[PDB]
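Asks: As input, take protein-v9.cif (mmCIF, C-alpha atoms and all ligand atoms):
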data_protein
loop_
_atom_site.label_atom_id
_atom_site.label_comp_id
_atom_site.auth_asym_id
_atom_site.auth_seq_id
_atom_site.Cartn_x
_atom_site.Cartn_y
_atom_site.Cartn_z
CA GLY A 2 -27.59 -3.82 -82.12
CA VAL A 3 -26.93 -7.18 -83.83
CA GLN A 4 -25.73 -10.42 -82.17
CA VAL A 5 -23.94 -12.96 -84.42
CA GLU A 6 -23.80 -16.56 -83.03
CA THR A 7 -22.05 -19.14 -85.26
CA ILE A 8 -24.07 -22.29 -86.02
CA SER A 9 -21.57 -23.82 -88.55
CA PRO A 10 -18.02 -22.36 -89.02
CA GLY A 11 -16.58 -20.82 -92.23
CA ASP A 12 -12.88 -20.71 -93.19
CA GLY A 13 -12.28 -17.82 -90.67
CA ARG A 14 -10.25 -15.91 -93.32
CA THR A 15 -12.31 -14.88 -96.40
CA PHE A 16 -14.42 -11.93 -95.11
CA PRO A 17 -16.50 -9.74 -97.50
CA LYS A 18 -14.66 -6.59 -98.68
CA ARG A 19 -16.76 -3.60 -99.87
CA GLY A 20 -17.40 -3.83 -103.64
CA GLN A 21 -18.08 -7.60 -103.53
CA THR A 22 -21.56 -9.10 -103.87
CA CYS A 23 -22.36 -11.51 -101.01
CA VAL A 24 -24.34 -14.58 -102.16
CA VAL A 25 -26.16 -16.05 -99.10
CA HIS A 26 -28.96 -18.48 -98.05
CA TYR A 27 -31.19 -16.91 -95.36
CA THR A 28 -34.26 -17.70 -93.25
CA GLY A 29 -35.92 -14.67 -91.57
CA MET A 30 -38.25 -15.11 -88.57
CA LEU A 31 -39.87 -13.09 -85.81
CA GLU A 32 -38.81 -13.41 -82.12
CA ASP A 33 -41.41 -16.20 -81.44
CA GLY A 34 -39.90 -18.31 -84.32
CA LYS A 35 -42.55 -17.83 -87.05
CA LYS A 36 -40.89 -17.57 -90.49
CA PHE A 37 -41.64 -14.59 -92.78
CA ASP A 38 -39.03 -15.17 -95.54
CA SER A 39 -36.63 -17.93 -96.65
CA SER A 40 -34.36 -18.17 -99.70
CA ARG A 41 -33.83 -21.92 -98.86
CA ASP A 42 -37.54 -22.66 -99.29
CA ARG A 43 -37.34 -21.08 -102.81
CA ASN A 44 -34.07 -22.98 -103.58
CA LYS A 45 -32.54 -19.71 -104.90
CA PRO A 46 -29.79 -17.80 -103.03
CA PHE A 47 -29.95 -14.07 -102.29
CA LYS A 48 -27.28 -11.83 -103.84
CA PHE A 49 -26.62 -8.28 -102.53
CA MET A 50 -23.74 -5.75 -102.40
CA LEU A 51 -22.42 -4.88 -98.95
CA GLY A 52 -21.90 -1.39 -97.48
CA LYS A 53 -24.20 0.45 -99.97
CA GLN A 54 -27.17 0.65 -97.48
CA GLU A 55 -28.90 -1.97 -99.71
CA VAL A 56 -30.07 -3.97 -96.62
CA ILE A 57 -31.08 -3.32 -92.96
CA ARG A 58 -28.34 -2.23 -90.51
CA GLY A 59 -28.24 -5.64 -88.74
CA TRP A 60 -27.22 -7.27 -92.03
CA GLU A 61 -24.84 -4.44 -92.97
CA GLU A 62 -22.87 -4.90 -89.67
CA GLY A 63 -23.60 -8.65 -89.12
CA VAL A 64 -22.85 -10.17 -92.54
CA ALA A 65 -19.68 -7.97 -92.76
CA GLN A 66 -18.12 -9.97 -89.85
CA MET A 67 -18.92 -13.47 -91.37
CA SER A 68 -16.46 -15.72 -93.30
CA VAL A 69 -17.18 -17.73 -96.49
CA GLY A 70 -18.93 -21.03 -95.62
CA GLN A 71 -20.06 -19.72 -92.18
CA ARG A 72 -23.67 -20.17 -91.03
CA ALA A 73 -24.87 -17.84 -88.25
CA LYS A 74 -27.89 -16.69 -86.19
CA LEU A 75 -28.31 -12.89 -86.51
CA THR A 76 -30.55 -11.58 -83.65
CA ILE A 77 -31.34 -7.97 -84.72
CA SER A 78 -32.77 -5.15 -82.56
CA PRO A 79 -35.80 -3.23 -84.01
CA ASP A 80 -33.76 0.03 -84.43
CA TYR A 81 -31.20 -2.12 -86.42
CA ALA A 82 -34.07 -3.61 -88.55
CA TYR A 83 -37.34 -1.77 -89.48
CA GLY A 84 -38.00 0.21 -86.27
CA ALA A 85 -41.22 2.03 -85.42
CA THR A 86 -42.66 1.95 -88.98
CA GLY A 87 -41.93 -1.76 -89.54
CA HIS A 88 -42.46 -3.25 -93.00
CA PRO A 89 -46.29 -3.01 -93.39
CA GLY A 90 -48.00 -6.42 -93.67
CA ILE A 91 -44.87 -8.52 -92.94
CA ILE A 92 -42.86 -7.02 -90.03
CA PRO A 93 -44.79 -5.09 -87.35
CA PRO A 94 -43.50 -2.08 -85.29
CA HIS A 95 -40.69 -2.59 -82.71
CA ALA A 96 -39.93 -6.14 -83.90
CA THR A 97 -36.79 -8.06 -82.91
CA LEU A 98 -35.83 -10.20 -85.94
CA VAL A 99 -33.79 -13.42 -86.19
CA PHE A 100 -32.02 -14.42 -89.44
CA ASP A 101 -30.40 -17.84 -89.95
CA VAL A 102 -27.95 -16.78 -92.75
CA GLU A 103 -25.21 -18.78 -94.58
CA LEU A 104 -22.48 -16.95 -96.56
CA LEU A 105 -22.10 -19.27 -99.58
CA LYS A 106 -19.57 -17.33 -101.69
CA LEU A 107 -18.45 -13.86 -102.92
CA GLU A 108 -18.59 -12.65 -106.61
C1 LIG B 1 -38.97 -9.85 -103.36
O1 LIG B 1 -38.32 -9.69 -102.09
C2 LIG B 1 -37.89 -8.35 -101.79
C3 LIG B 1 -37.29 -8.35 -100.40
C4 LIG B 1 -38.29 -8.59 -99.28
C5 LIG B 1 -39.11 -7.33 -98.96
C6 LIG B 1 -39.73 -7.44 -97.55
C7 LIG B 1 -38.69 -7.83 -96.48
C8 LIG B 1 -39.38 -7.94 -95.12
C9 LIG B 1 -37.97 -9.13 -96.88
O2 LIG B 1 -38.92 -10.21 -96.91
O3 LIG B 1 -37.45 -8.95 -98.19
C10 LIG B 1 -36.77 -9.47 -96.06
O4 LIG B 1 -36.55 -10.63 -95.78
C11 LIG B 1 -35.75 -8.51 -95.63
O5 LIG B 1 -36.00 -7.96 -94.58
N1 LIG B 1 -34.60 -8.23 -96.33
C12 LIG B 1 -34.31 -8.92 -97.63
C13 LIG B 1 -32.89 -9.48 -97.65
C14 LIG B 1 -31.88 -8.39 -97.33
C15 LIG B 1 -32.17 -7.82 -95.96
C16 LIG B 1 -33.59 -7.24 -95.83
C17 LIG B 1 -33.59 -5.90 -96.51
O6 LIG B 1 -32.97 -5.00 -95.97
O7 LIG B 1 -34.25 -5.72 -97.66
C18 LIG B 1 -34.40 -4.42 -98.29
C19 LIG B 1 -35.45 -3.59 -97.51
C20 LIG B 1 -36.85 -4.22 -97.58
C21 LIG B 1 -35.63 -2.15 -98.01
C22 LIG B 1 -34.39 -1.25 -98.03
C23 LIG B 1 -33.66 -1.15 -96.68
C24 LIG B 1 -32.49 -0.15 -96.76
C25 LIG B 1 -32.96 1.23 -97.26
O8 LIG B 1 -31.82 2.07 -97.46
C26 LIG B 1 -33.70 1.10 -98.59
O9 LIG B 1 -34.18 2.38 -99.00
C27 LIG B 1 -34.24 2.60 -100.42
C28 LIG B 1 -34.89 0.15 -98.43
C29 LIG B 1 -34.77 -4.76 -99.74
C30 LIG B 1 -33.62 -5.32 -100.58
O10 LIG B 1 -33.76 -6.76 -100.54
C31 LIG B 1 -33.60 -4.79 -102.03
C32 LIG B 1 -32.63 -5.58 -102.93
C33 LIG B 1 -33.21 -3.31 -102.06
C34 LIG B 1 -33.99 -2.25 -102.27
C35 LIG B 1 -35.49 -2.32 -102.56
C36 LIG B 1 -33.45 -0.82 -102.27
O11 LIG B 1 -32.20 -0.69 -101.61
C37 LIG B 1 -33.37 -0.21 -103.66
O12 LIG B 1 -33.13 1.19 -103.43
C38 LIG B 1 -33.64 2.12 -104.40
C39 LIG B 1 -32.34 -0.78 -104.61
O13 LIG B 1 -31.28 -0.22 -104.72
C40 LIG B 1 -32.66 -2.02 -105.44
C41 LIG B 1 -31.42 -2.86 -105.85
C42 LIG B 1 -33.46 -1.57 -106.68
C43 LIG B 1 -34.35 -2.64 -107.37
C44 LIG B 1 -35.03 -1.98 -108.59
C45 LIG B 1 -35.41 -3.24 -106.46
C46 LIG B 1 -35.22 -4.38 -105.82
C47 LIG B 1 -36.23 -4.93 -104.91
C48 LIG B 1 -36.06 -6.16 -104.40
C49 LIG B 1 -37.02 -6.70 -103.44
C50 LIG B 1 -36.84 -7.87 -102.78
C51 LIG B 1 -35.63 -8.75 -103.05
#
Re-express the file's structure as structure tokens.

Replies:
Amino acid sequence: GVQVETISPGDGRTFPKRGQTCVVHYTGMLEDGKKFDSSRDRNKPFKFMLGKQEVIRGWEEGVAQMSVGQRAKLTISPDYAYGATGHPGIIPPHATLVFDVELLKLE
């Protein structure tokens, strides 16, 4: 599945409803700690709509339980991320992923 561990707390009240676009700052890395993607390094947040299957299952279930302002470590199982196929040339097969994600605001 997905494990959410809070790094920095949010308001504990404003959770993302379906329909809203979540605007977040993320850093994706493999189980060893090597980064593969980071919106922070680009200085440009990532916007996406929740509950439309836009993102991997770990995000769909993990980001849904975060509050606005919260920063969390999302440890995601390979069947909740890319799985056996992976994402060729970035994420290999059967890869546990770790996302440091911050829910900045909703639009
Ligand atoms: C320029 O950067 C890449 C992202 C890279 C690509 C490589 C990745 C390793 C990683 O580096 O992001 C990564 O960090 C990651 O793992 N992310 C990203 C952050 C959200 C969580 C997760 C992550 O789930 O991303 C997702 C899966 C890759 C594919 C999807 C997993 C669920 C599955 O149902 C989808 O089947 C169609 C495939 C990519 C998403 O971001 C983008 C926004 C969504 C899609 C490509 C599809 O939905 C697509 O459908 C037809 C759409 O509707 C979009 C809105 C259409 C539009 C024309 C194309 C947008 C493409 C944007 C590409 C971006 C932003």

Asks: Check which residues of chain A sit at most 10 Å from ligand LIG 1 (chain B) using all atoms listed in the file, and return one row each with the closest pair of atoms and their distance in Å to one decimal, ordered by chain and rising number, as JSON lines.

Replies:
{"residue": "A:25", "atom": "CA", "partner": "B:LIG1", "partner_atom": "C13", "distance": 9.5}
{"residue": "A:26", "atom": "CA", "partner": "B:LIG1", "partner_atom": "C13", "distance": 9.8}
{"residue": "A:27", "atom": "CA", "partner": "B:LIG1", "partner_atom": "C13", "distance": 8.0}
{"residue": "A:28", "atom": "CA", "partner": "B:LIG1", "partner_atom": "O4", "distance": 7.9}
{"residue": "A:29", "atom": "CA", "partner": "B:LIG1", "partner_atom": "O4", "distance": 5.9}
{"residue": "A:30", "atom": "CA", "partner": "B:LIG1", "partner_atom": "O4", "distance": 8.7}
{"residue": "A:36", "atom": "CA", "partner": "B:LIG1", "partner_atom": "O4", "distance": 9.7}
{"residue": "A:37", "atom": "CA", "partner": "B:LIG1", "partner_atom": "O2", "distance": 6.6}
{"residue": "A:38", "atom": "CA", "partner": "B:LIG1", "partner_atom": "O2", "distance": 5.1}
{"residue": "A:39", "atom": "CA", "partner": "B:LIG1", "partner_atom": "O4", "distance": 7.4}
{"residue": "A:40", "atom": "CA", "partner": "B:LIG1", "partner_atom": "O4", "distance": 8.8}
{"residue": "A:47", "atom": "CA", "partner": "B:LIG1", "partner_atom": "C13", "distance": 7.2}
{"residue": "A:48", "atom": "CA", "partner": "B:LIG1", "partner_atom": "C32", "distance": 8.3}
{"residue": "A:49", "atom": "CA", "partner": "B:LIG1", "partner_atom": "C32", "distance": 6.6}
{"residue": "A:50", "atom": "CA", "partner": "B:LIG1", "partner_atom": "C41", "distance": 8.9}
{"residue": "A:53", "atom": "CA", "partner": "B:LIG1", "partner_atom": "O8", "distance": 8.2}
{"residue": "A:54", "atom": "CA", "partner": "B:LIG1", "partner_atom": "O8", "distance": 4.9}
{"residue": "A:55", "atom": "CA", "partner": "B:LIG1", "partner_atom": "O11", "distance": 4.0}
{"residue": "A:56", "atom": "CA", "partner": "B:LIG1", "partner_atom": "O6", "distance": 3.1}
{"residue": "A:57", "atom": "CA", "partner": "B:LIG1", "partner_atom": "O6", "distance": 3.9}
{"residue": "A:58", "atom": "CA", "partner": "B:LIG1", "partner_atom": "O6", "distance": 7.7}
{"residue": "A:59", "atom": "CA", "partner": "B:LIG1", "partner_atom": "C15", "distance": 8.5}
{"residue": "A:60", "atom": "CA", "partner": "B:LIG1", "partner_atom": "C15", "distance": 6.3}
{"residue": "A:61", "atom": "CA", "partner": "B:LIG1", "partner_atom": "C15", "distance": 8.6}
{"residue": "A:82", "atom": "CA", "partner": "B:LIG1", "partner_atom": "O6", "distance": 7.6}
{"residue": "A:83", "atom": "CA", "partner": "B:LIG1", "partner_atom": "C23", "distance": 8.1}
{"residue": "A:87", "atom": "CA", "partner": "B:LIG1", "partner_atom": "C8", "distance": 8.7}
{"residue": "A:88", "atom": "CA", "partner": "B:LIG1", "partner_atom": "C8", "distance": 6.0}
{"residue": "A:89", "atom": "CA", "partner": "B:LIG1", "partner_atom": "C8", "distance": 8.7}
{"residue": "A:90", "atom": "CA", "partner": "B:LIG1", "partner_atom": "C8", "distance": 8.9}
{"residue": "A:91", "atom": "CA", "partner": "B:LIG1", "partner_atom": "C8", "distance": 5.9}
{"residue": "A:92", "atom": "CA", "partner": "B:LIG1", "partner_atom": "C8", "distance": 6.2}
{"residue": "A:93", "atom": "CA", "partner": "B:LIG1", "partner_atom": "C8", "distance": 9.9}
{"residue": "A:98", "atom": "CA", "partner": "B:LIG1", "partner_atom": "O5", "distance": 8.9}
{"residue": "A:100", "atom": "CA", "partner": "B:LIG1", "partner_atom": "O4", "distance": 8.7}

Asks: Considering all atoms listed in the file, can you say which of A:31, A:73, A:24, A:18 comes closest to residue 45 (chain A)?

Replies: A:24

Asks: Between CA of residue 103 (chain A) and CA of residue 12 (chain A), what is the spacing in Å?

Replies: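 CA of residue 103 (chain A) lies 12.6 Å from CA of residue 12 (chain A).
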
Asks: Kindly indicate which residue among A:11, A:2, A:17, A:70 lies nearest to residue 51 (chain A), using only C-alpha atoms for the distances.

Replies: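 Result for the nearest residue to residue 51 (chain A): A:17.
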
Asks: Quick one, how far is CA of residue 15 (chain A) from CA of residue 101 (chain A)?

Replies: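 One can read the CA of residue 15 (chain A) to CA of residue 101 (chain A) distance as 19.4 Å.
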
Asks: Which residues are near residue 8 (chain A)? Cut-off 8 Å, all atoms listed in the file, ignore same chain within fewer than 4 positions. Put them as a VMD selection string.

Replies: chain A and resid 71 to 74

Asks: Rounded to one decimal place, report the CA of residue 44 (chain A)-CA of residue 62 (chain A) distance in Å.

Replies: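 A separation of 25.4 Å between them.
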
Asks: Counting only C-alpha atoms, figure out which residue out of A:52, A:97, A:68, A:35 gets nearest to residue 16 (chain A).

Replies: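 Among the listed residues, A:68 lies closest to residue 16 (chain A).
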
Asks: Padding of 5 Å on every side, edges along x, y and z, all listed atoms of region 53-63 of chain A included: what centre and edge lengths in Å, to one decimal, does that box have, as JSON?

Replies:
{"center_x": -27.0, "center_y": -4.0, "center_z": -94.4, "size_x": 18.2, "size_y": 19.3, "size_z": 21.2}

Asks: Name the closest residue to residue 63 (chain A) among the candidates A:79, A:102, A:41, A:10; distances are taken between atoms, counting all atoms listed in the file.

Replies: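 The answer is A:102, which sits nearest to residue 63 (chain A).
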